Amino acid sequence: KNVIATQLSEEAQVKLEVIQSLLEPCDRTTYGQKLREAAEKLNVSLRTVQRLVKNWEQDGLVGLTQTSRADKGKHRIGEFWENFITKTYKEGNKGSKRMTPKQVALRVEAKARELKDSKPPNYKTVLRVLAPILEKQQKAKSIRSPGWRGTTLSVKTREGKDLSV
Amino acid sequence: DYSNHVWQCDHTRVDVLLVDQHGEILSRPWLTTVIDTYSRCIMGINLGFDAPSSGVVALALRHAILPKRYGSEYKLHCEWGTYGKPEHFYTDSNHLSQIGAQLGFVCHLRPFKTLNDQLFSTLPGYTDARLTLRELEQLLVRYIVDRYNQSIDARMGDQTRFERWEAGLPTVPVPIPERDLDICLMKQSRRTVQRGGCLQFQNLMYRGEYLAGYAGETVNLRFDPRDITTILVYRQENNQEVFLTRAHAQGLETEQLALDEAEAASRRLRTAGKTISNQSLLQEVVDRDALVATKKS
Amino acid sequence: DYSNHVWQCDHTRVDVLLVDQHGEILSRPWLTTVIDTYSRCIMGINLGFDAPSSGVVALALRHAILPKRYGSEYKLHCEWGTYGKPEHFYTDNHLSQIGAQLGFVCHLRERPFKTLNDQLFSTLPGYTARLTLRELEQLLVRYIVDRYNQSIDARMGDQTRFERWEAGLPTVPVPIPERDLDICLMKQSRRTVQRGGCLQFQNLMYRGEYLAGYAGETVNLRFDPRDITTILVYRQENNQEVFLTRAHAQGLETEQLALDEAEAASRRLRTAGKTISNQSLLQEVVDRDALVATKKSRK
DNA sequence: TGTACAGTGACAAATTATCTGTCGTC
DNA sequence: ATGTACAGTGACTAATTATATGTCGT
């Protein structure tokens with residue numbers, strides 16, 4: 001479905017400024033020089049303008065505006081440690097236990113030593129691993145209820161019978 | 001050279017004052033219209049109390065390029081049918097440039113007196129205001145299409161301007177998908193999703209198809225100021241706004257509702273609350289303190 | 001042309017390896033200076049491990065503009081009298097603003113090094129591990145003036161390098177107070193004023209005449225890394241920044257500490273704390289959890 | 001001059017995604 | 001489909017009014 005560009009940075013506006021100039025209908029006898037007069041203001045070689053117009057047609061304004069790397073938000077400690085961190089925090093916060101990340105990292109240190117792993121994760125990674133989990137556990141406090149609207153009303157009896165009022 | 005090459009966009013302010021559903025005096029609306037160059041055909045219009053900023057023109061683009069669906073209340077004779085992606089567009093902020101770019105047509109921005117000459121300039125409250133904005137929407141699409149567009153042109157009077165435009169399209173006018181033309185809509189932002197995927201908008205309440213997955217999150221809305229009965233919701237990201245779902249107005253008493261009507265509903269609801277006297281509710285405040293002024297520990 | 005007319009900045013990277021005030025190897029410094037292109041004398045000079053950059057260039061420019069002085073351990077026989085703005089400063093955007101503030105032209109895009117590099121530094125036991133950046137001060141700031149600038153070139157009027165300087169003025173500079181150009185100093189974006197006007201910086205604590213009224217507010221510091229024993233506290237306005245107070249380090253043994261020494265001092269605390277034989281200490285955590293997991297619920 | 005630990009900002013070191021060349025027939 | 005609803009918020013907008021401008025001035 002539709003992807004809308006917003007918050008275009010100024011170099012993306014520069015990309016727009018060439019695209020809005022290349023939008024003048026052209027042919028091979030005109031594309032080459034009307035591209036080159038843009039390449040000089042892009043200050044980069046013609047083939048990049050070709051990939052720019054390629055991506056512009058391929059995706060629109062969100063094609064000329066760069067997309068974050070496939071690695072963003074994904075850790076390099078790997079699948080074992082990503083689990084073990086999150087496993088350990090999760091078990092430490094059921095019942096009234098309230099194991100915070102530092103105590104998890106102290107478990108991670110113990111685990112690597114007994115695993116004979118010479119490179120345990122640093123506490124900053126462990127805190128970054130749990131940061132989205134902590135935020136998901138936070139959001140649950142805020143979720144608003146729409147409430148009843150207008151004149152029509154009923155009340156929810158524990159008999160399961162909604163008594164109209 | 002051909003018709004449908006360059007599309008003109010024009011503005012005026014209609015010297016007819018209007019009255020609201022509950023009797024409030026409305027303003028005088030601005031009229032914006034999209035017309036051919038080489039035909040005199042009218043292909044897009046928007047009318048309202050919004051100033052002729054980028055707003056009313058961005059909608060008047062959307063008006064033309066989509067299939068011209070129409071309602072029975074218009075009592076239309078003719079199908080307008082003027083779909084087609086433009087290729088050049090011409091007007092009196094920059095946002096028009098982003099639309100032109102994304103839709104792939106050059107925007108190179110810098111005749112309404114036909115309706116000043118016509119009896120349109122003599123309806124009540126022209127120049128008792130016994131008309132309203134929905135009545136103009138129904139009548140004006142008719143009185144333009146069935147009469148001011150379908151008639152013989154002032155010069156080159158061998159063709160009606162619609163038919164001069166219709167035959168002159170270099171091939172056939174091609175409609176394009178609706179949902180890709182959301183950029184032309186209005187925008188509202190940082191709305192918050194309530195339990196079950198619910199949203200408030202213009203004192204009305206809304207609900208989405210899959211929006212319940214993002215309760216407690218925040219989302220943006222886009223809409224037409226012509227029927228807010230369903231409005232498009234998108235999830236905000238760092239440099240992308242992705243369409244999520246439609247959301248449907250709930251509890252409204254009609255099948256259609258213009259934005260002006262939500263303003264009027266609120267304004268009547270608000271103006272009722274303003275008439276209530278606080279005289280009791282106020283005097284008790286000073287009397288509570290005058291009592292407590294006697295307290296000493 | 002004149003001794004205040006045209007000053008040129010220069011830089012060098014030193015060929016000596018340094019040890020801290022305890023005995024561990026640090027690096028080989030960067031070195032930078034400005035030279036009056038009229039008199040050809042080495043004046044304002046900075047030395048340290050921070051690499052040449054607009055902050056370092058601006059810091060050496062303060063070292064040129066401000067009247068030079070020495071501590072009671074030097075009291076050196078030769079001294080710079082250099083001070084004042086040039087009409088033009090050469091180092092061939094931040095350097096534009098200092099010129100626009102002080103009112104001198106900024107240009108950016110014969111040099112003396114061998115008189116120290118080959119003649120002196122190559123002779124030291126630590127030439128390219130047994131002398132310190134407190135010592136490599138005088139081993140430059142003495143010899144650069146007590147020998148190099150005190151030398152005479154007949155190529156330029158047969159006078160000592162600085163005699164041409166103090167002779168060659170169309171109007172002799174007045175000295176500039178230290179308060180007039182803190183813009184050359186370092187910057188700290190946020191610091192919080194603790195109770196009683198105390199402020200932590202570089203693991204030290206500072207207090208100053210009026211700072212306690214700002215307790216629980218945020219202030220900016222500017223400081224000179226050659227001795228952090230004073231720091232300057234600044235309060236930010238809507239679009240201005242006003243000099244708030246000086247501040248003085250509490251509890252120092254000797255009132256001379258440089259930024260480099262404070263880092264190496266704090267690196268002692270860090271290395272000491274990191275020395276714990278913690279592996280015998282982990283046994284508590286795993287056996288505490290094993291005990292709690294051995295307790296199954298009653299139902 | 002309370003005490004001082006868990007969390008956090010600004011940064012450097014390391015990893016590695018991907019985008020920029022000189023190019024080849026199209 | 002719908003807990004409740006008030007105090008505090010944001011995103012503008014009408015009115016104020018501090019003060020930047022363009023010309024003359026000496």
Side-chain angles (χ1 to χ4, degrees), chain A residues 28 39 42-52 54-55 63-64 66-78 89 98-106 119 121-131 134 143-157 162 164-165, chain B residues 50-51 53 187-200 203-209 211-212 215 218 220 247-252 273 281, chain C residues 49-51 186-192 194-200 204-207 212 215 218 248-252 263 269 273:
Chain A
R28 189 177 71 203
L42 292 167
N43 198 31
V44 60
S45 72
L46 174 143
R47 66 163 195 160
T48 69
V49 199
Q50 154 252 309
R51 293 194 191 98
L52 168 63
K54 177 185 284 280
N55 284 12
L64 62 78
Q66 174 60 333
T67 58
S68 67
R69 296 155 62 94
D71 217 26
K72 193 170 71 72
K74 302 172 190 167
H75 306 102
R76 299 180 178 169
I77 62 181
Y89 180 83
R98 292 297 177 265
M99 188 180 301
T100 38
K102 174 71 83 162
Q103 296 93 322
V104 179
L106 296 170
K119 295 295 295 183
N122 173 289
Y123 166 69
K124 258 294 196 176
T125 72
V126 173
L127 184 60
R128 285 172 186 132
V129 168
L130 297 167
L134 273 39
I143 299 166
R144 188 171 195 270
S145 284
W148 277 83
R149 293 289 303 205
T151 294
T152 292
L153 175 60
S154 74
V155 296
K156 177 64 155 60
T157 70
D162 300 359
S164 66
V165 188
Chain B
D50 198 12
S53 71
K187 167 63 96 71
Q188 262 290 2
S189 181
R190 288 166 290 142
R191 294 288 171 141
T192 61
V193 188
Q194 308 177 117
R195 278 201 301 99
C198 179
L199 293 155
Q200 177 173 338
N203 284 313
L204 287 172
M205 192 75 65
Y206 286 70
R207 176 166 276 99
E209 306 299 336
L211 185 61
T218 187
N220 302 324
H248 308 278
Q250 307 214 262
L252 78 174
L281 185 147
Chain C
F49 303 111
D50 197 8
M186 305 289 287
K187 223 294 203 299
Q188 294 295 348
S189 181
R190 284 94 72 216
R191 283 295 183 280
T192 56
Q194 305 185 0
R195 212 194 77 253
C198 189
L199 177 144
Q200 173 170 344
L204 304 175
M205 289 282 189
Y206 292 78
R207 184 177 283 105
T218 296
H248 329 76
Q250 204 216 47
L252 273 292
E263 282 275 39
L269 295 168

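Quick note on labels: first sequence line is chain A, next is B, and so on, each numbered from 1. The basis for the numbers below is simple: all heavy atoms, side chains too, and nothing from hydrogens, waters or symmetry mates.
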Undergrad: Answer yes or no: does a side-chain N or O of A/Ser45 lie under 4.0 Å from OP1 or OP2 of D/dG21?
TA: yes
Undergrad: Please work out if A/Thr100 contacts a base, only the sugar-phosphate, or nothing of the nucleic acid, heavy-atom cut-off 4.0 Å.
TA: sugar-phosphate
Undergrad: Using a 4.0 Å heavy-atom cut-off across all strands, classify B/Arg190 as base, sugar-phosphate, or nothing.
TA: sugar-phosphate
Undergrad: Do A/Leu64 and A/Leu52 have side chains that approach each other closer than 4.5 Å (heavy atoms only, starting at C-beta)?
TA: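 Yes, at least one pair of side-chain atoms sits under 4.5 Å.
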Undergrad: Find the distance A/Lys72:NZ to D/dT18:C1' and express it as a whole number of Å.
TA: 16 Å
Undergrad: Does a side-chain N or O from C/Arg195 land closer than 4.0 Å to OP1 or OP2 of D/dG2, or not?
TA: yes
Undergrad: Just the rounded figure in Å: distance from P of D/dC5 to CE of A/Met99.
TA: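 After rounding, the reported distance stands at 19 Å.
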Undergrad: Using a cut-off of strictly less than 4.0 Å, decide whether A/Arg128 has a side-chain nitrogen or oxygen near OP1 or OP2 of D/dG7.
TA: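 No, A/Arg128 has no side-chain N/O under 4.0 Å of OP1/OP2 on D/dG7.
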Undergrad: Contact class for A/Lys156 vs. all strands (heavy atom < 4.0 Å): base, sugar-phosphate, or nothing?
TA: nothing
Undergrad: If we only count heavy atoms from C-beta on, is the B/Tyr206 to B/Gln250 side-chain gap below 4.5 Å?
TA: no
Undergrad: Please report the closest heavy-atom contact between A/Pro146 and B/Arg207, naming both atoms and the distance.
TA: CG-NH2, 4.4 Å
Undergrad: Scan for salt bridge (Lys or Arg N to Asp or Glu O under 4.0 Å) pairs involving residues 187-196 of chain B, sequence neighbours excluded, and state none if there are none.
TA: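 Every salt bridge (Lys or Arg N to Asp or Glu O under 4.0 Å) pair that includes a residue of residues 187-196 of chain B, provided the two are not neighbours, is B/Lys187-B/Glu241.
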Undergrad: Restricting to non-hydrogen atoms, name the atom on B/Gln200 and the atom on B/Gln194 that form the minimum distance, rounded to 0.1 Å.
TA: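 The pair with the smallest heavy-atom distance is N-NE2, 4.4 Å.
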Undergrad: Looking at side-chain heavy atoms only, is the closest gap between A/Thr100 and A/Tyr89 below 4.5 Å?
TA: no
Undergrad: Reckon A/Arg47 touches a base, only the sugar-phosphate, or nothing at all at heavy-atom distances under 4.0 Å?
TA: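 A/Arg47: base contact, heavy atoms under 4.0 Å.
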Undergrad: Just to be sure I understand the rule, does A/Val155 reach a base, reach only the sugar-phosphate, or reach nothing, if contact means heavy atoms closer than 4.0 Å?
TA: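 Since no nucleic acid heavy atom lies under 4.0 Å of A/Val155, the category is nothing.
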Undergrad: Indicate, with a heavy-atom threshold strictly under 4.0 Å, whether A/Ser154 touches base, sugar-phosphate, or nothing.
TA: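 The residue A/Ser154 makes no contact with any strand.
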Undergrad: Grab the stems for DNA chain E, please: at least three consecutive Watson-Crick or wobble pairs, both distances below 3.5 Å, written as range with range.
TA: none
Undergrad: Using a cut-off of strictly less than 4.0 Å, decide whether A/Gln66 has a side-chain nitrogen or oxygen near OP1 or OP2 of D/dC19.
TA: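 A/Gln66 to D/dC19 OP1/OP2: side-chain N or O found under 4.0 Å.
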Undergrad: Quick check on DNA chain E: between A/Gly150 and A/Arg144, whose nearest nucleotide comes earlier from the 5' end?
TA: A/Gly150
Undergrad: Side-chain N or O of A/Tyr123 less than 4.0 angstrom from OP1 or OP2 on D/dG7?
TA: yes
Undergrad: Identify the heavy atoms of C/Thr218 and C/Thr192 that sit nearest to each other, and give their distance.
TA: OG1-CG2, 4.2 Å
